[PDB]
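Student:
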Amino acid sequence: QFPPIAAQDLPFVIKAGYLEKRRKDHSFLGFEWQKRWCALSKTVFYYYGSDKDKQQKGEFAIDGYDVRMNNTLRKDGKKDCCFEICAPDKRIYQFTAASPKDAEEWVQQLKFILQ
Numbered sequence: 105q106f107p108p109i110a111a112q113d114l115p116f117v118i119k120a121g122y123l124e125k126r127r128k129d130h131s132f133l134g135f136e137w138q139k140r141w142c143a144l145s146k147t148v149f150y151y152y153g154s155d156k157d158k159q160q161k162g163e164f165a166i167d168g169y170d171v172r173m174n175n176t177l178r179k180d181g182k183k184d185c186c187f188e189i190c191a192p193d194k195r196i197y198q199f200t201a202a203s204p205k206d207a208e209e210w211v212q213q214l215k216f217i218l219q
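Sequential numbering of the sequence shown, starting at 105, is according to PDB author numbering.
1. Tell me which residues share the same chain as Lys161 and place their Cβ nearer than 8 angstroms to its Cβ, disregarding the 5 neighbours each side in the sequence.
2. Please report the residue range of the alpha helix (DSSP H) in which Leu218 lies.
3. Among residues of its own chain, excluding the 5 on either side of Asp184, which ones have a beta-carbon nearer than 8 angstroms to its beta-carbon?
4. Should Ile118 be labelled buried (16 or more other beta-carbon atoms within 10 Å of its own) or exposed?
5. Would the beta-carbon of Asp155 fall within 9 angstroms of that of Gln213?
6. For the beta strand (DSSP E) that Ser154 lies in, which residues bound it at each end?
7. Measure the beta-carbon distance from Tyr169 to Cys190 and round it to whole angstroms, keeping in mind my assumption that it falls under 8 angstroms.
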């Protein structure tokens with residue numbers, strides 16, 4: 105979780121790439137979907153503006169969370185790229201990747217670690 109680290113300074117990145125991350129709530133001029141540089145650092149999921157920011161917009165431990173494809177999070181044709189990191193008591197994080205294969209790789213990689 106908390107200490108401000110730089111994207112390029114993160115330890116053991118298991119996977120990283122751009123994703124669109126869904127906004128928390130509803131009044132969002134232009135967009136509910138925002139391009140973020142995301143990285144899995146060990147068991148913490150970090151997300152940034154760009155792959156060279158010196159500070160995360162936020163982060164979260166993946167402890168207790170499950171992860172699945174969810175093709176309801178959009179109405180457009182990009183729905184096939186959508187996945188989420190979710191749990192009954194936790195903040196749900198939702199994303200769209202670049203292609204179904206990429207969403208599946210992210211989910212596959214987050215899962216191989218949820219073991």
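Note that beta-carbon positions come from the ideal geometry of N, C-alpha and C, so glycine has one too.
Tutor: Based on what the coordinates show:
1. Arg140, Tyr151, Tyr152 and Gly153
2. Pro204 to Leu218
3. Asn175, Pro204 and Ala207
4. exposed
5. no
6. Neither: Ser154 is in no beta strand (DSSP E) and is coded neither H nor E.
7. 7 angstroms
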